[PDB]
Each structure stands twice: as C-alpha cells, then as structure tokens.
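The residues making up each chain are set out below.
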Amino acid sequence: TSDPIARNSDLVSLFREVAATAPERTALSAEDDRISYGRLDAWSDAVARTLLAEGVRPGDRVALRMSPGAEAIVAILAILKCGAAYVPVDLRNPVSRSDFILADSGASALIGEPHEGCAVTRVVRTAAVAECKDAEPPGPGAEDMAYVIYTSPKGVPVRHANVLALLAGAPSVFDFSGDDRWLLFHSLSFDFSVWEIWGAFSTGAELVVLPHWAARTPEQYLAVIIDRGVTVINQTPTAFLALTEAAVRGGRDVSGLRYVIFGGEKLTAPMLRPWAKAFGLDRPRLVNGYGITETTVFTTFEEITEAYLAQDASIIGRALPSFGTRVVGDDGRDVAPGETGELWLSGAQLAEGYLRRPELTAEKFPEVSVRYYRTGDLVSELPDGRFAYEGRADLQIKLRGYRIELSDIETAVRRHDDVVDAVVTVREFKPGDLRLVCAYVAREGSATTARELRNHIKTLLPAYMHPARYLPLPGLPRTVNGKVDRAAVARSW
Ligand SMILES: Nc1ncnc2c1ncn2[C@@H]1O[C@H](COP(=O)(O)O)[C@@H](O)[C@H]1O
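Conventions used here
Residues numbered from 1 in each chain as written, not as in the entry; some residues may be left out. Heavy atoms only, no water. Helix = DSSP H or I, 4+ residues; strand = E, 2+ residues; numbered from the N terminus. Buried < 20%, exposed > 50% of the residue type's maximum accessible area, 1.4 Å probe, protein only. Areas by Shrake-Rupley, 256 points an atom, 1.4 Å probe, with all protein chains shown as cover. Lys, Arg positive; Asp, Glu negative; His and termini not counted. Charge placed at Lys NZ, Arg CZ, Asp CG, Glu CD. Domains from an automatic or database assignment. Contact = heavy atoms within 4.5 Å. Salt bridge = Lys/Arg side-chain N within 4 Å of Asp/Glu carboxyl O. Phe/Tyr/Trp six-rings, centres within 6.5 Å; stacked < 30°, edge-to-face > 60°. Pairing = 2+ DSSP bridges. Axes fitted to C-alpha atoms, helices over the stretch in contact; angles between N-to-C directions. Near = heavy atom within 4 Å. Polar contact = N/O pair within 3.5 Å; in protein donor to acceptor, adjacent residues only side chain to side chain. Disulfide = S-S within 2.5 Å. Arc of directions from axis to C-beta. Left-handed = near helix turned anticlockwise from the far one by under 90°. Core = buried A, V, L, I, M, F, W, Y, C linked by side-chain atoms within 4.5 Å.

Deposited coordinates in this entry are attributed by the record to X-ray crystallography, at a stated resolution of 1.7500 Å.

Colleague: I'd like a rundown of the overall build of the chain, residues and numbers included.
Modeller: If you tally the helices and strands in the chain, you get 16 helices and 24 strands. Along the three orthogonal principal directions, the C-alpha set of the chain runs to about 70 × 55 × 50 Å. Counting all 493 residues of the chain, 53% fall into the buried class. Total accessible area on the chain is roughly 20,800 Å²; 50% of this is exposed by carbon and sulfur atoms. Averaging the positions of the 55 positive and the 64 negative side-chain charges in the chain gives two centres separated by 5 Å.

Colleague: Could you give an account of the domain arrangement of the chain, naming the residues involved and the relevant values?
Modeller: The domain architecture assigned to the chain consists of domain 1 (1-393) and domain 2 (394-493). Centre-to-centre separation of domain 1 and domain 2, based on C-alpha positions: 31 Å. Taken together, the contact pairs 23 residues of domain 1 with 16 residues of domain 2. On the surface where domain 1 and domain 2 come into contact, there are three salt bridges. Where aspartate 417 meets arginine 273, a salt bridge forms, and the shortest distance between an N and an O atom there is 3.6 Å.

Colleague: Could you give an account of the packing of aromatic side chains, with specific residues and numbers?
Modeller: This structure, assessed with the given rule, holds 28 aromatic pairs. Their ring planes at 80° and their centres at 5.1 Å tell us that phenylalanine 174 and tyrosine 259 sit as a pair that is edge-to-face. Of the two residues, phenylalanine 174 sits in the loop between helix 7 (160-169) and strand 9 (181-184) while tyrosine 259 sits in strand 12 (residues 259-262), which places them 85 residues apart along the sequence. A relative accessible area of 5% places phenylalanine 174 in the buried class. On the accessibility criterion, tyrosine 259 (2% relative accessible area) is buried. An aromatic cluster of three or more residues is present, and its members are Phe174, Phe176, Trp182, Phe192, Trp195, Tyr259, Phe298 and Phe301.

Colleague: Requested: an account of the sheet that holds strand 23 (residues 433-442), with residues and values cited.
Modeller: Read across the open sheet, the three strands follow the order 22-23-24; overall the sheet is mixed. A strand with exactly one partner marks an edge of an open sheet, and here the two such strands are strand 22 (419-430) and strand 24 (469-472). Put simply, the sheet's adjacent strands are angled 30° from each other on average, direction ignored. Direction of pairing for strand 22 relative to strand 23: antiparallel, over a ladder of 10 bridges. Looking at the pairing, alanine 422 lines up with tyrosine 440 of strand 23.

Colleague: Any details on the site of the ligand? Residues and values, ideally.
Modeller: Taken together, 14 residues sit near the ligand, with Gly264, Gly289, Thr293, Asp377 and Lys483 positioned nearest. Here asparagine 288 contributes a side-chain N or O atom positioned 3.2 Å from a nitrogen atom of the ligand. One of the side-chain N or O atoms of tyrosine 389 is found 3.2 Å from an oxygen atom in the ligand. Coverage of the ligand by the protein amounts to 88% of the 500 Å² it exposes when considered alone. Among the secondary structure elements, those contributing two or more residues to the shell around the ligand are strand 13 (285-290) and strand 19 (387-392).

Colleague: Quick one: what's the story with the state of the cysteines, residue by residue and with numbers?
Modeller: Inspection of the entire model under this criterion finds zero disulfides. Its sulfur unpaired, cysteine 82 is 12 Å from the next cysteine sulfur, which belongs to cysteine 132. You can call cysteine 82 buried: its relative accessible area is 4%.

Colleague: Residue-level account of helix 9 (residues 218-227), with values.
Modeller: Buried within helix 9 are the following residues: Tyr221, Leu222, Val224 and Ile225. Projected down its long axis, helix 9 shows its buried positions confined to an angular sector of 165°, all on one face. Taken together, the buried residues of helix 9 touch strand 9, strand 11 (232-235) and helix 10 (237-250).

Colleague: Give me the packing of helix 3 (residues 37-53) against helix 4 (residues 70-81): which residues, what numbers.
Modeller: For any two helices packed against each other, one specifies the crossing angle of their axes together with the interaxial distance. Look at helix 3 against helix 4: their axes get within 8 Å of each other, and the N-to-C directions meet at 65°. Viewed along their axes, helix 3 and helix 4 form a crossing whose handedness is right-handed. On the side of helix 3, the interface is formed by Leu40, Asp41, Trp43, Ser44, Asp45, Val47, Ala48 and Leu51, while helix 4 contributes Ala70, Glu71, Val74, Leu77, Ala78, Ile79 and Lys81.

Colleague: A description of the pairing of strand 15 (residues 315-319) should follow, citing residues and the corresponding values.
Modeller: Sheet topology note: the strand 14 (residues 300-303)/strand 15 ladder contains two bridges and is antiparallel. The residue of strand 15 that forms the bridge with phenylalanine 301 is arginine 318. Here strand 15 runs beside strand 19; their pairing, made up of two bridges, is antiparallel. Among the inter-strand pairings, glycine 317 is bridged to a residue of strand 19, identified as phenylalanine 387.

Colleague: Describe the nonpolar core, and please don't skip the residues or the numbers.
Modeller: Inside soluble globular proteins, nonpolar side chains tend to come together where they are buried. In this structure, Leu40, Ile111, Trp195, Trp198 and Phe201 are the most contacted members of the largest nonpolar core, which totals 89 residues. Considering every element that reaches this core, the biggest residue donor is helix 4, with 10 residues. Setting aside its immediate chain neighbours within four residues, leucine 40 contacts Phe15, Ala27, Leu28, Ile35, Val74, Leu77 and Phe201. Judged by nonpolar contacts, the second largest core, of 37 residues, contains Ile225, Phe240, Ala247 and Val254.

Colleague: Quick one: what's the story with the side chain of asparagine 234, residue by residue and with numbers?
Modeller: Topologically, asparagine 234 is positioned in strand 11. A polar contact of 2.8 Å, which involves the side chain of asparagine 234, links it to the side chain of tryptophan 195. Beyond its immediate chain neighbours, meaning those up to four positions away, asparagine 234 contacts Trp182, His186, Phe192, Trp195, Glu196, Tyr221 and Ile261.

Colleague: Break down unusual backbone geometry for me, with residues and values.
Modeller: Residue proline 284 follows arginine 283 across a cis peptide bond; omega there is 10°. Along the chain, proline 284 falls in the loop between helix 11 (273-279) and strand 13. Of note in this structure, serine 152 is not a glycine but carries a positive phi near 65°. Within the secondary structure layout, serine 152 lies in the loop between strand 7 (145-151) and strand 8 (154-159). Of note in this structure, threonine 296 is not a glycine but carries a positive phi near 60°. Following the sequence through the fold, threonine 296 ends up in the loop between strand 13 and strand 14.

So, in structure tokens, the structure goes:
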C-alpha cells in the first residue's frame with residue numbers, strides 16, 4: 001500500500017515519513033510564521049536530544065505544561081521520538097490535581113513551565129524548546145505508550161497503536177487531505193487535541209495555531225479561521241453556540257470551512273438549527289463525534305442532515321471500523337434492539353487499562369473471549385444501527401419513594417426547541433422536603449418560563465419525574481474535564 005497511515009505502526013514513523021516525503025509543505029503556522037514539516041522534524045529531533053540529556057528514555061512519562069502553540073507541538077514530537085509518553089498538565093488545574101498527576105504518572109521530567117510548587121525538578125523550559133528551532137537534522141513501537149491523559153483522577157495510557165487505529169478509521173467518515181488546514185485549539189490535556197494534531201499530521205496537512213490575542217471571543221476565533229484559511233475545526237456544542245451567534249451577527253463567511261466536528265457534550269437540534277438556517281449543512285459539513293479518553297478520542301460519528309434537525313433527541317451515529325459494540329442491561333445481558341442500555345466497546349482503540357488501578361481496570365474493562373470497555377454511557381440503538389445518546393449511567397437516584405432516572409428527565413427537558421442545556425438535581429425546599437429541580441440554558445433569542453417548561457414536561461413524563469422549579473442560567477458551570485459541575489449547579493440554586 002502507498003498509504004502512510006496503513007503502512008506505519010507508530011506515530012513517530014508516520015510523522016517522519018510524512019515529513020520526509022514533502023518537507024517544504026507547511027506543518028504548523030502561528031500568525032505569519034510558517035514552520036515546514038522538514039523544519040519541524042529537525043527542530044523536534046533537536047529537542048529530543050535535549051530530553052535525552054535530561055535522562056529521558058523509552059517508556060518514561062514526561063510531563064508537558066504548555067499552552068497549545070508551536071513549542072508544545074515540538075515538545076510532544078520530541079517526547080514521542082525519545083520513546084516516551086507525554087502527560088499533559090492542564091494549565092487551569094488546581095495545584096493539588098497537578099501534584100497528583102505528576103506523582104501518579106511517575107513523570108521523570110517536565111517540558112514547559114512548572115506549576116507553582118511543582119515536585120518535578122528536571123525541566124526543559126519553553127525557552128529551551130524555542131532555542132532549538134533552526135538547528136540541523138531508538139524510536140517507539142506500536143505497543144509503546146504515546147500519552148497518559150487523566151480523566152475525572154484516573155490516568156489513561158494510550159498507545160501508538162491505539163492512535164493509529166483511530167487515524168485509520170477516520171477516512172471511513174471524513175474526506176481529509178494534505179490541503180486541509182486544521183485549527184489547534186484545545187488544551188493539550190484534552191484528547192480532542194490529540195485528534196487536532198494527528199488529524200493534521202497523519203494527512204500532511206497544516207496545523208494552524210490560534211494566537212493568544214484571539215483566545216477570548218468567538219469574533220476573534222472567526223477572524224483567525226477565515227484569515228488563515230482554516231478548513232477543519234473541532235468544537236464542543238457549547239462553543240458552537242457562541243460561534244454561530246458571532247458568525248451570523250458579524251456577517252462572516254464561514255463557507256471556507258469543510259468540516260465542523262463536535263465532541264464532548266450531548267448535541268441536540270436546537271444547537272444546530274440557527275447555523276443550518278444561515279449556512280446550510282454542506283459547506284461546512286457538520287459531524288457529531290462521540291468518544292472517550294479510554295477508547296482513543298472518537299468512537300462514533302453522525303454527519304448532520306436535515307433529518308437530524310427535524311428530531312428532538314441526540315444521535316451519535318455509527319461506530320468506527322475498529323469497534324465492536326454491545327448495549328447492555330443491568331442483568332449484564334444484551335438489551336433488545338431499541339431499548340436503552342450501557343454501551344460497551346471492543347477493539348483496537350481500547351486503552352490497556354488505567355494506570356496503577358488494577359481494581360478499577362478489572363471492573364471497567366471486563367472480558368466476555370473479547371475484551372470490552374464499559375463506557376458508563378446509556379445509549380439506544382435505532383432501527384438502522386446508529387446509536388442515540390441518552391445520558392450517563394450513574395444518574396439514578398432515590399427520592400420520595402421512587403427510583404428516578406435523572407438522565408431521562410434531562411433528555412425530556414432537552415427535547416424542548418428553546419433549550420440548549422439542562423441539568424436536574426435535588427434540593428431542599430423546607431426542612432425535610434427535597435425535590436427535583438432543573439437548571440437550564442435557553443437558546444439565544446428565546447426566553448421560556450418555568451410554567452412553560454412544566455407544561456412541556458407534563459406531556460412526556462409521569463409526575464414523580466417533574467422538576468419542581470426551573471432556573472435559567474447563562475450557561476451551566478463546568479468541571480476541569482469540561483463536564484457539568486453538579487455541585488456548582490447546587491450552589492447556583
Ligand atoms: N457526542 C457526544 N454526545 C454525548 N456525550 C458525549 C459525546 N462525546 C463525548 N461525550 C461524553 O464525554 C465522555 C467522554 O469524556 P472524555 O473522556 O473526557 O472525552 C463520554 O463518555 C460521554 O459521556
């Protein structure tokens with residue numbers, strides 16, 4: 001085969017081939033600074049030498065604390081070239097979380113800027129990375145770790161082969177080429193960034209760095225994606241709401257985009273209809289992606305169609321080629337098609353397990369012989385094999401003599417045309433009087449009363465599942481990993 005993705009078994013061999021083949025092509029740009037693949041390859045080899053001198057060796061975990069930018073990408077490549085795995089430290093971590101990640105991962109060096117009180121001593125600072133930039137021109141194997149990203153905190157080691165499997169699966173859904181330009185946006189601590197970086201590099205495309213000046217507003221974001229000829233962007237549904245409003249109000253031309261890829265959050269039609277109204281569904285194509293750190297970024301995709309806009313649920317679509325699936329009931333047996341159950345996943349994109357958590361790993365990665373990962377997500381299979389996303393599987397509570405599926409109440413609230421987000425919690429009204437309540441986010445340009453939401457829910461659910469009060473918020477508060485902060489919601493009440 002001529003295909004570098006199919007032919008290489010690790011990310012370093014892949015990158016080296018893609019660079020050596022056409023080294024003058026642009027790999028990375030930051031404003032007008034264009035860094036060719038050849039330049040990036042030499043630069044990251046020089047930084048790898050610097051890491052070797054700090055005693056980094058194959059199998060090590062090297063911490064990385066940098067904002068997404070050219071130096072950070074050089075640092076990742078250098079770490080991988082040393083046969084080591086990178087452990088990204090979210091810049092916004094509380095100090096204690098960063099301390100735990102560094103301890104738990106056994107990180108033996110850090111590249112970038114240490115957090116205040118950082119216990120890792122062997123540091124290659126960002127400035128030392130930049131110093132290697134224009135100097136001249138043992139490697140990992142498939143089963144070597146490429147990164148350890150922390151979730152919830154549990155460390156998830158993902159191997160070179162896991163990432164290659166994802167990359168080999170992408171073309172079943174996307175038409176990418178080396179003429180695309182991908183925006184690097186997400187924190188290196190989020191696996192969305194693994195996809196932004198390797199989607200670009202695996203295809204010989206250009207990774208465009210969002211400048212620091214453009215970090216704050218959707219107007220600034222749009223200005224850059226249009227100025228720099230970006231063709232692929234990856235966004236949370238939440239970010240997409242802000243992007244749409246800015247594009248529409250600002251009269252911007254979005255039609256240079258080829259793909260907008262959503263991930264991380266439930267996507268429903270009220271989040272999509274305003275963009276589709278202004279811009280249609282072809283240029284760019286919009287594609288909902290569902291996935292998990294434990295199964296290498298993306299598992300299923302659903303390209304958005306008119307049919308998506310006409311229904312009120314969330315459809316995550318079909319699994320990539322590497323995957324086997326089950327939808328599993330409480331009794332541990334498969335549900336009947338159409339029934340809601342827990343998604344279980346198998347295949348080459350599954351991580352090996354968690355780092356130093358044998359107990360959790362055995363529970364979350366059972367064998368059935370086929371090895372599975374229990375997603376903790378409830379889904380249902382549609383007649384055609386596409387999956388609908390329901391909610392997290394840990395949201396049943398006991399209240400007032402009932403078991404109550406909070407995920408079902410959230411889904412029902414999300415069916416309302418003017419709602420873009422919702423969370424249901426329990427709060428105390430008077431002393432011994434606890435009741436369901438719902439905080440929600442209105443679609444921009446709408447306002448819905450609690451009475452109207454009550455009337456909506458009356459048609460869908462029995463009374464014991466009705467929220468007693470509704471609270472509109474200008475967005476729900478999010479945790480570190482970007483999940484809804486149910487404790488912060490409680491405080492907002
Ligand atoms: N398209 C999506 N729709 C709904 N939930 C999603 C989607 N993508 C990711 N998630 C949620 O995010 C979790 C993965 O979190 P993370 O491992 O931080 O990527 C999944 O288990 C889902 O609960």
